[PDB]
Amino acid sequence: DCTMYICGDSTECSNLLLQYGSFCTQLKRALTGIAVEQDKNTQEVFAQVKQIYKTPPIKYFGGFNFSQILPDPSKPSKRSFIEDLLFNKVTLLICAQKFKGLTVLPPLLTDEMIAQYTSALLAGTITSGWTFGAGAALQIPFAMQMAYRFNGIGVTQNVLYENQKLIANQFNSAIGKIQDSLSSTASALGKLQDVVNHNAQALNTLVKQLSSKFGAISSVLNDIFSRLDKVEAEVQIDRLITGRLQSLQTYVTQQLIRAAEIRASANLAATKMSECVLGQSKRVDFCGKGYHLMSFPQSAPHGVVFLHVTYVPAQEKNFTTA
Amino acid sequence: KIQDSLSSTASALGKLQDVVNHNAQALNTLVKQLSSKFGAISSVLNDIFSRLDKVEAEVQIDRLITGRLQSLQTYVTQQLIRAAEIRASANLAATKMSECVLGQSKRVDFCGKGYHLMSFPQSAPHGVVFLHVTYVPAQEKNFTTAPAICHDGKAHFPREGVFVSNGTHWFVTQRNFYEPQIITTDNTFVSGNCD
Amino acid sequence: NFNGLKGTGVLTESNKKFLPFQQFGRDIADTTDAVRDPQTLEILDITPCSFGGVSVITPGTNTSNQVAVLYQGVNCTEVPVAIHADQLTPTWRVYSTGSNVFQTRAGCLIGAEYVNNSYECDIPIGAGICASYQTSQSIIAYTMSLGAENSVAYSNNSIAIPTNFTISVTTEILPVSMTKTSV
Ligand SMILES: *[C@@H]1O[C@H](CO)[C@@H](O[C@@H]2O[C@H](CO)[C@@H](O[C@@H]3O[C@H](CO)[C@@H](O)[C@H](O)[C@@H]3O)[C@H](O)[C@H]2NC(C)=O)[C@H](O)[C@H]1NC(C)=O
Ligand SMILES: *[C@@H]1O[C@H](CO)[C@@H](O[C@@H]2O[C@H](CO)[C@@H](O)[C@H](O)[C@H]2NC(C)=O)[C@H](O)[C@H]1NC(C)=O
Ligand SMILES: *[C@@H]1O[C@H](CO)[C@@H](O[C@@H]2O[C@H](CO)[C@@H](O)[C@H](O)[C@H]2NC(C)=O)[C@H](O)[C@H]1NC(C)=O
Ligand SMILES: *[C@@H]1O[C@H](CO)[C@@H](O[C@@H]2O[C@H](CO)[C@@H](O)[C@H](O)[C@H]2NC(C)=O)[C@H](O)[C@H]1NC(C)=O
Ligand SMILES: *[C@@H]1O[C@H](CO)[C@@H](O)[C@H](O)[C@H]1NC(C)=O
Ligand SMILES: *[C@@H]1O[C@H](CO)[C@@H](O)[C@H](O)[C@H]1NC(C)=O
Ligand SMILES: *[C@@H]1O[C@H](CO)[C@@H](O)[C@H](O)[C@H]1NC(C)=O
Ligand SMILES: *[C@@H]1O[C@H](CO)[C@@H](O)[C@H](O)[C@H]1NC(C)=O
């Protein structure tokens with residue numbers, strides 16, 4: 001809010017600020033573009049499907065175990081057990097000192113509502129394979145859908161059935177270690193931590209910034225009139241209104257730069273989830289190191305987290321070829 | 001149908017409309033910007049010369065030179081930002097032309113919704129418009145399937161396709177189209193036993 | 001004007017343990033917010049009067065002109081207190097307590113009646129609320145419906161196979177350049 005932040009609560013504020021023209025209404029038209037865009041980014045990443053599929057009550061997926069990513073009925077929020085660690089590891093009176101017209105609008109999509117979108121992607125990629133993203137959903141057994149994935153790698157399907165028991169145990173043991181790995185080290189979520197820390201720090205520098213005098217005899221507009229002649233008191237406040245307005249310009253230009261990087265990183269996520277999730281990817285080292293098999297999405301505060309599943313060859317032997 | 005779709009609603013070309021709106025809008029706020037006095041006596045330039053003595057009119061004229069000079073930098077900085085998003089969107093358009101048009105794309109949900117076939121480009125003011133042609137499966141009928149088959153004490157697996165049953169006896173068919181075929185050694189291969 | 005310092009706000013007593021010398025409380029804001037009155041020997045804590053940003057929900061002007069007003073981050077029972085002469089910059093205090101006020105996380109909007117079914121979003125509000133102009137006519141607020149609910153029957157020995165197909169043509173628009181300007 002330009003009027004309140006600059007020199008608000010002064011009858012001589014608005015009229016003197018009025019003659020400067022259309023400055024703060026120029027800035028106001030730039031911080032609403034950022035506000036609108038930040039709601040569109042979430043609409044392209046999570047909202048790529050319409051029918052909200054639901055998982056069957058029975059959970060016998062050919063020996064596989066998916067209890068650590070499916071929605072949890074116990075918690076009131078439809079959040080899986082992996083997401084619980086993610087929410088607790090992001091630490092989102094400093095909010096009350098924003099009386100200077102620096103508000104924080106709420107996001108359009110509530111946290112408990114994005115979880116429904118994520119739960120639809122999972123329930124559509126384990127009962128319908130990958131066809132639900134490119135037409136009508138088609139059910140298929142999971143022990144047979146995997147054989148399609150192995151075919152794409154270049155390994156014939158006759159090896160999956162003969163090793164179904166070993167692969168099932170091997171996959172279940174792999175998903176368990178992800179839960180402990182995230183909690184053990186706090187640097188895993190450093191990508192999300194600085195997104196909210198940088199923004200919060202920028203606000204603090206702006207509020208603390210107005211205490212400067214900028215060459216004026218005093219740093220407060222209220223008391224600068226009772227000690228100096230009103231004939232030229234306009235001169236000192238002019239040195240003050242310009243300096244206060246100029247710093248507001250700097251903060252806006254910073255947000256324009258940051259929003260460009262986020263939009264670049266939003267489209268990259270919107271591309272990974274359209275290929276690594278709704279299909280199989282042949283792009284090497286795009287959906288995780290090794291040959292790609294399938295991916296599952298998980299939500300997080302201001303971001304998304306993937307769990308790529310990859311196939312990596314084990315020990316080998318020398319041979320003579322012709 | 002696509003000819004009527006464009007002519008039905010006028011909101012289709014919104015992305016190519018605000019490109020010319022934003023640049024035309026930033027010019028107007030630039031012309032009106034010089035009307036502000038910037039704390040000086042008057043916005044008119046030459047009159048302040050003939051009204052005030054040259055000894056201190058420099059002070060008045062300086063606070064107006066800086067006021068207009070700062071206005072230009074804000075406009076230029078805006079142009080650099082806007083030129084950044086347009087260039088970041090022309091590379092995407094160039095990539096689409098090299099992949100979707102000149103060839104067939106295996107990247108799911110990149111050159112349309114569905115399985116990609118082939119595309120056509122069309123020109124437009126300050127932009128381009130594509131016409132993705134895709135293949136969408138129609139209605140479906142369920143069946144009963146088995147992973148393999150064992151006839152001479154040895155498991156058999158399909159070459160391409162999956163075994164389906166209609167109730168009486170089994171068949172092999174493609175994944176994306178129901179064209180049942182009689183089970184045959186040419187369509188299968190043998191590996192191991194069936195225990 | 002306590003202690004010869006001008007300002008504006010409401011006054012409340014605070015329990016901060018002012019030492020026998022210190023007279024003013026201060027924080028990062030660096031704008032006076034607590035005064036020790038020279039009239040008596042108590043502690044006064046100053047906070048700025050209640051304020052907010054006014055947002056107006058309006059349908060098409062030719063369609064109608066009835067509007068619903070939203071105040072961000074204020075208690076819904078606080079806005080009736082604002083109805084006085086020469087207390088608000090606006091004088092349209094008639095909407096302060098009018099139709100059924102519906103409370104949301106981003107404040108409470110007035111002039112809109114809250115249905116409890118769902119539709120598609122027409123005008124976004126915040127925290128999963130949208131408003132539109134539906135049928136004799138009024139502005140309604142609901143909760144977004146993500147999509148039509150669906151269920152897929154999963155069994156371990158059944159497969160679904162298409163028996164037909166269809167061909168569709170989908171359009172797409174991309175900007176490529178802009179005007180060249182010289183100054
Ligand atoms: C499941 O699919 C099989 C394979 O098509 C069906 O078996 C075949 O069904 C057709 C249609 O009834 C039979 O053709 C007719 O057979 C009679 C027999 O007298 C003949 O007189 C007719 O001129 C005509 O050719 C075909 O013989 C039969 N094949 C075999 C090996 O039995 C089967 O009916 C399908 N089951 C269901 C429930 O749809
Ligand atoms: C999938 O994995 C989970 C995680 O271990 C299994 O849940 C365990 O169930 C046993 C059986 O009583 C409990 O003793 C463990 O405490 C459970 N784990 C946790 C973390 O609470 C679950 O049983 C597995 N699914 C299947 C079908 O076995
Ligand atoms: C057998 O395979 C090994 C690799 O597994 C080949 O390399 C030998 O093993 C390691 C890996 O390089 C080296 O430290 C040895 O010195 C290698 N052996 C030799 C003789 O160089 C090995 O060459 C293969 N053997 C043959 C006969 O081809
Ligand atoms: C597959 O679907 C197409 C339409 O998408 C069907 O073609 C229609 O068939 C009916 C048969 O009575 C005709 O009256 C229509 O004119 C056809 N439409 C078109 C566009 O040609 C086709 O019949 C379906 N396949 C099968 C085997 O029924
Ligand atoms: C009023 O505006 C609407 C769009 O907001 C338009 O559809 C309608 O034709 C307009 N009516 C007029 C200009 O009479
Ligand atoms: C208003 O404040 C009361 C305090 O008891 C609280 O219970 C209520 O939820 C608040 N309502 C709004 C709309 O802020
Ligand atoms: C929904 O609203 C109608 C009136 O608009 C009311 O009769 C009904 O009881 C409500 N249902 C709820 C609150 O579950
Ligand atoms: C399918 O699941 C049911 C329920 O667990 C089980 O009784 C049946 O044996 C299973 N059949 C196959 C082929 O997996």
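In its metadata, the entry names cryo-EM as the structure determination method and reports 3.7 Å as the resolution.

Novice: What's the story with the pairing of strand β6 (residues 155-158) of chain B in this structure? I'm lost.
Specialist: Residues in a regular strand point their side chains to alternate faces of the sheet. Residues and elements named next belong to chain B. The side-chain alternation of β6 yields two buried faces, one formed by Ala155 and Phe157 and the other by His156 and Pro158. Sheet topology places strand β5 (residues 149-150) next to β6; two bridges connect them, and they run antiparallel. Paired with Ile149 across the two strands is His156, which belongs to β6. Connecting β5 to the next strand, β6, in antiparallel fashion are four residues, including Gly153 with a positive phi near 65°. Bridge analysis of β6 against strand β9 (residues 188-190) gives three bridges, and the strand direction is antiparallel. Paired with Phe157 across the strands is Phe189, a residue of β9.

Novice: It is not clear to me how unusual backbone geometry should be interpreted in this structure. Could you clarify?
Specialist: In most cases, non-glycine residues show a negative phi, while peptide bonds are predominantly trans. Located in the positive-phi region is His302 of chain A, a residue other than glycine, with phi close to 55°. The topology assignment puts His302 of chain A in the loop between β1 (291-300) and β2 (303-311). A relative accessible area of 62% places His302 of chain A in the exposed class. Backbone geometry at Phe38 of chain B places phi at a positive 55°, although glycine is not the residue there. In this structure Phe38 of chain B comes out as buried when scored by relative accessible area, which is 5%.

Novice: What is the right way to read the state of the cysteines from this model?
Specialist: Two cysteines form a disulfide when their sulfur atoms are joined by a covalent bond. Under the counting rule described, the total for this entry stands at seven disulfides over all chains. Each disulfide pairs two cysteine sulfurs, and for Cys150 of chain B the partner residue is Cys194 of chain B, the sulfurs being separated by 2.0 Å. Of this pair, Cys150 of chain B sits in strand β5 while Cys194 of chain B sits in the segment after β9, and the two are 44 residues apart along the sequence. Looking at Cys150 of chain B, the relative accessible area reads 36%, which means it is partly exposed. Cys194 of chain B sits in the partly exposed class, given a relative accessible area of 39%. The disulfide partner of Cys76 of chain C is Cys108 of chain C, and the gap between their sulfur atoms is 2.0 Å.

Novice: Would you take a moment to explain the interface of chain C and chain A for this structure?
Specialist: A common way to state how big an interface is: give the accessible area lost once the parts meet. The partner chain A presents 36 residues to the 37 residues of chain C that form the contact. In total, about 3300 Å² of surface goes out of reach between chain C and chain A, with carbon and sulfur atoms giving 63% of it. A per-residue breakdown of the area chain C buries against chain A is headed by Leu146, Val152 and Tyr154 of chain C, which together make up 26% of the total. Here chain C is connected to chain A by two salt bridges. Put simply, chain C and chain A have 11 residue pairs in polar contact between them. Of all the elements, strand β12 (residues 158-162) of chain C adds the most residues to the side of chain C that touches chain A, at four residues. Partitioned by chemical class, the residues of the side of chain C that touches chain A number 19 nonpolar, 14 polar and four charged.

Novice: I would appreciate a short explanation of the nonpolar core in the present structure.
Specialist: In summary, soluble globular proteins display a tendency toward joint burial of nonpolar side chains. Grouped together as the largest cluster of nonpolar side chains are 27 residues, with contacts concentrated most on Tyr53, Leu109, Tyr117, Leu121, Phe132 and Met273 of chain A together with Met144 of chain C. If you list the elements that add at least two residues to this core, you get α6 (111-125) and α11 (233-277) of chain A together with β11 (138-144) of chain C. Among the elements that line this core, the one with the most residues is α6 of chain A, at six residues. Ignoring sequence-local partners within four residues, the contact set of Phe132 of chain A consists of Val49, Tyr53, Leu121, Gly124, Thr125, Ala137 and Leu278 of chain A. Ranked by size, the runner-up nonpolar core spans 21 residues in total, among them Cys7, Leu17, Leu203 and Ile241 of chain A.

Calculation notes
Residues numbered from 1 in each chain as written, not as in the entry; some residues may be left out. Chains lettered and ligands numbered in written order. Part of a larger assembly, values for the part shown. Heavy atoms only, no water. Buried < 20%, exposed > 50% of the residue type's maximum accessible area, 1.4 Å probe, protein only. Helix = DSSP H or I, 4+ residues; strand = E, 2+ residues; numbered from the N terminus. Pairing = 2+ DSSP bridges. Disulfide = S-S within 2.5 Å. Contact = heavy atoms within 4.5 Å. Buried area = accessible area lost by both parts, 1.4 Å probe. Salt bridge = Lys/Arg side-chain N within 4 Å of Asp/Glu carboxyl O. Polar contact = N/O pair within 3.5 Å; in protein donor to acceptor, adjacent residues only side chain to side chain. Nonpolar A, V, L, I, M, F, W, Y, C, P; charged D, E, K, R; others polar. Core = buried A, V, L, I, M, F, W, Y, C linked by side-chain atoms within 4.5 Å.

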